[PDB]
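S.K.:
Chains as they are written, first to last, in the authors' numbering: chain B, 12 to 187; chain A, 13 to 192.
1. Mapping DSSP to helix, strand and coil, what is residue 187 (chain B)?
2. Taking 8 angstroms as the threshold, find out whether the segment 60–78 of chain A comes into contact with the segment 43–60 of chain B through three or more Cβ pairs.
3. Rank A:179, A:161, A:18 and A:147 by C-alpha distance to the C-alpha of residue 132 (chain B) and give the top, closest one.
4. Please name the residue in A:23, A:16, A:185 and A:47 whose C-alpha comes closest to that of residue 128 (chain B).
5. For residue 192 (chain A), which three-state DSSP category applies?
6. Starting from residue 12 (chain A), follow the alpha helix (DSSP H) in both directions and report where the run begins and ends.
7. Using the C-alpha atoms, what's the distance from residue 82 (chain A) back to residue 125 (chain B)?
8. On the three-state DSSP scale, how would you describe residue 68 (chain A)?
9. At a CB-CB cut-off below 7 angstroms, which residues of chain A make contact with residue 20 (chain B)?
10. Please work out which residues of its chain come closer than 8 angstroms, Cβ to Cβ, to residue 39 (chain B), disregarding the five sequence neighbours upstream and downstream, and give them in chain order.
11. Does the segment 156–170 of chain A come within contact of the segment 113–125 of chain A, defined as at least 3 CB pairs closer than 8 angstroms?
12. Rounded to the nearest angstrom, what separates residue 27 (chain B) and residue 182 (chain A) at their Cα positions?
13. Roughly how many angstroms lie between the CA atoms of residue 134 (chain B) and residue 148 (chain A), to the nearest whole one?
14. Who does residue 90 (chain B) pair with in a DSSP beta bridge?
15. Any C-beta of chain B sitting closer than 9 angstroms to the C-beta of residue 127 (chain A)?
16. Return the residue from the list B:23, B:37 and B:42 that minimises the CA-CA distance to residue 36 (chain A).
17. If we call anything under 9 angstroms between Cβ atoms a contact, is residue 90 (chain A) one with residue 107 (chain A)?
18. Can you list, in chain order, the residues of the segment 102–115 of chain A whose Cβ is nearer than 7 angstroms to any Cβ on chain B?
19. Quick check: what's the CA-CA separation for residue 45 (chain B) versus residue 101 (chain A)?
20. Going straight from the alpha carbon of residue 140 (chain A) to that of residue 78 (chain A), what length do you get?
21. With DSSP run on the structure shown, which of helix, strand or coil describes residue 46 (chain B)?
22. Beta-carbon separation of residue 17 (chain B) and residue 43 (chain B) under 9 angstroms?
23. Is residue 131 (chain A) helix, strand or coil when you go by DSSP?
24. Express the C-alpha separation of residue 153 (chain A) and residue 164 (chain A) in angstroms, rounding to a whole number.
25. So residue 179 (chain B) is in the alpha helix (DSSP H); what residue range does that whole segment cover?
26. Would you say residue 91 (chain B) faces chain A, with C-beta separation under 9 angstroms as the test?
27. Determine the contact status of residue 50 (chain A) and residue 29 (chain B), defining contact as a CB-CB distance below 9 angstroms.
28. Can you give me the start and stop residues for the beta strand (DSSP E) that residue 34 (chain A) sits inside?
29. Assign residue 121 (chain A) to one of three DSSP states: helix, strand, or coil.
30. Rank A:21, A:142, A:130 and A:118 by C-alpha distance to the C-alpha of residue 95 (chain B) and give the top, closest one.
31. Quick one: grab the DSSP three-state call for residue 100 (chain A).
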């Protein structure tokens with residue numbers, strides 16, 4: 012059927028409507044002839060019936076921090092995707108506003124986690140001396156050991172207790 | 013007249029280089045269409061497969077999954093179900109990158125919390141260690157009651173475990189591993 016094509020393109024338009032990505036359909040001249048709701052959302056400016064380059068001097072605000080994405084003047088940070096297509100170019104837009112927003116919060120919290128991350132580290136180190144401390148502690152319960160043998164393990168135990176006390180103090184020094 | 017063919021190939025490319033997956037089912041629930049993105053995300057064959065069969069092989073839900081749905085590969089994608097004349101129109105978006113970030117923040121704020129409790133997590137850590145050394149030092153005399161000696165002996169082990177447990181509480185808390 013020839014009408015089936017109308018129903019086919021109908022299901023296609025259906026995609027662009029609920030598609031979570033901007034779709035700008037330019038023309039040989041360079042005019043926005045079509046824009047889905049996601050495109051109008053991010054740009055938040057008149058799209059259809061405007062000049063692509065003109066839209067760039069309104070909803071776009073380039074910055075140095077911008078790499079793969081481009082900062083919109085409305086605050087959003089989006090990535091552009093230009094592809095080869097005859098009879099107008101296609102431009103797919105993605106919303107990475109949240110992406111960079113989350114990234115701009117890890118750097119700040121990365122320094123705040125320094126002290127905490129140091130304690131977490133010093134805590135993992137304690138597992139080593141403690142492991143050896145429990146072994147030498149069990150040797151104190153071993154059978155048939157001379158008097159000078161009990162003091163040997165005891166002497167080796169205090170070493171672990173000391174090496175362990177210096178790590179906890181190091182940890183229990185970051186405080187208040 | 014011919015404003016369709018040219019408009020078809022135009023939209024035909026949109027789904028080709030689309031950054032989001034597009035799945036079109038029918039009433040029975042059989043996969044009929046699948047763009048390259050969807051294939052990359054799901055990996056397993058789609059074209060000519062029962063959607064419910066794919067859900068078992070492709071998807072792999074979890075409890076931690078809030079809005080998104082974890083896939084077999086581990087990536088977390090969000091499903092957007094939309095009405096359609098011919099079955100449903102399921103779109104797939106990848107939020108593995110976001111989630112990852114959302115998980116990091118928590119872990120960072122997690123470490124900060126431990127950094128503020130270091131003060132309170134002091135008395136709980138020195139108490140057992142101090143005892144271990146208090147008894148360990150006593151077990152170094154010329155000769156003393158054997159029963160009393162074995163009495164202190166039992167203390168140590170318990171003191172060390174109390175500490176061990178107190179230290180494992182920190183690491184487990186510090187490890188975070190939540191809000192993934």
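Every residue gets a Cβ at the ideal spot worked out from N, C-alpha and C, and that includes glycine.
M.R.: Here's the rundown:
1. Locating residue 187 (chain B) in the first chain gives position 176, where the first residue counts as 1. The answer is coil: DSSP assigns residue 187 (chain B) none of H, G, I, E or B.
2. no
3. If you number the first chain from 1, residue 132 (chain B) lands on position 121. For residue 132 (chain B), the nearest C-alpha among the options comes from A:179.
4. Looking up residue 128 (chain B) in the first chain gives position 117. Selected option, being the one with the closest Cα: A:185.
5. The residue given as residue 192 (chain A) occupies position 180 in the second chain. Here residue 192 (chain A) sits in coil by DSSP.
6. The structure shown has nothing for residue 12 (chain A), since chain A only spans 13 to 192.
7. The residue given as residue 125 (chain B) occupies position 114 in the first chain. The residue given as residue 82 (chain A) occupies position 70 in the second chain. Straight-line Cα distance between these residues: approximately 31 angstroms.
8. The residue labelled residue 68 (chain A) in the question sits at position 56 within the second chain. In this structure, residue 68 (chain A) counts as helix in the three-state DSSP scheme.
9. In the first chain, the residue the question calls residue 20 (chain B) occupies position 9. Near residue 20 (chain B) (Cβ distances below 7 angstroms), the residues of chain A are 16, 19, 20 and 23.
10. The residue labelled residue 39 (chain B) in the question sits at position 28 within the first chain. Within the same chain, residue 39 (chain B) has close Cβ partners 98 and 99.
11. no
12. Taking the first chain and counting its residues from 1, the one referred to as residue 27 (chain B) is at position 16. Taking the second chain and counting its residues from 1, the one referred to as residue 182 (chain A) is at position 170. If you take the alpha carbons of residue 27 (chain B) and residue 182 (chain A), they lie about 50 angstroms apart.
13. Walking along the first chain from the start, residue 134 (chain B) turns up at place 123. Walking along the second chain from the start, residue 148 (chain A) turns up at place 136. Approximately 22 angstroms, taken between the alpha carbons.
14. Against the first chain, residue 90 (chain B) aligns to sequence position 79. Residue 90 (chain B) is bridged to B:80 and B:105.
15. Indexing the second chain from 1 puts residue 127 (chain A) at position 115. With 9 angstroms as the cut-off, residue 127 (chain A) counts as an interface residue toward chain B.
16. Locating residue 36 (chain A) in the second chain gives position 24, counting from the first residue. Residue 36 (chain A) has its Cα closest to that of B:23, out of B:23, B:37 and B:42.
17. Here residue 90 (chain A) refers to the residue found at position 78 when the second chain is read from its first residue. Here residue 107 (chain A) refers to the residue found at position 95 when the second chain is read from its first residue. Their beta carbons are under 9 angstroms apart, which means residue 90 (chain A) touches residue 107 (chain A) by this criterion.
18. 103, 105, 109, 110, 113 and 114
19. Numbered from 1 along the first chain, position 34 holds the residue referred to as residue 45 (chain B). Numbered from 1 along the second chain, position 89 holds the residue referred to as residue 101 (chain A). Answer to the nearest angstrom: the Cα atoms are 21 angstroms apart.
20. Working through the second chain from its first residue, we reach residue 140 (chain A) at position 128. Working through the second chain from its first residue, we reach residue 78 (chain A) at position 66. Computed Cα separation, rounded: 41 angstroms.
21. Working through the first chain from its first residue, we reach residue 46 (chain B) at position 35. Strand.
22. Numbered from 1 along the first chain, position 6 holds the residue referred to as residue 17 (chain B). Numbered from 1 along the first chain, position 32 holds the residue referred to as residue 43 (chain B). Not in contact: residue 17 (chain B) and residue 43 (chain B) (Cβ atoms no closer than 9 angstroms).
23. By 1-based counting over the second chain, the position of residue 131 (chain A) is 119. Three-state result, residue 131 (chain A): coil.
24. Working through the second chain from its first residue, we reach residue 164 (chain A) at position 152. Working through the second chain from its first residue, we reach residue 153 (chain A) at position 141. The straight-line gap from Cα to Cα measures roughly 13 angstroms.
25. Reading the first chain from its first residue, position 168 is the one you call residue 179 (chain B). Segment 158–182, the alpha helix (DSSP H) holding residue 179 (chain B).
26. Residue mapping note: residue 91 (chain B) aligns to position 80 of the first chain, counting from 1. False, the Cβ-Cβ gap to chain A never drops below 9 angstroms.
27. Taking the first residue of the second chain as position 1, residue 50 (chain A) is located at position 38. Taking the first residue of the first chain as position 1, residue 29 (chain B) is located at position 18. It is not a contact, given that the beta carbons lie outside the stated cut-off.
28. For the purposes of this step, residue 34 (chain A) is taken as the residue at position 22 of the second chain. From DSSP, the beta strand (DSSP E) with residue 34 (chain A) extends over 33–36.
29. Translated into the one-based positions of the second chain, residue 121 (chain A) becomes position 109. Of the three classes helix, strand and coil, the one that applies to residue 121 (chain A) here is helix, per DSSP.
30. Taking the first residue of the first chain as 1, we reach residue 95 (chain B) at position 84. Closest option to residue 95 (chain B), Cα to Cα, is A:21.
31. Along the second chain, read from residue 1 onward, the residue named residue 100 (chain A) stands at position 88. Of the three classes helix, strand and coil, the one that applies to residue 100 (chain A) here is strand, per DSSP.
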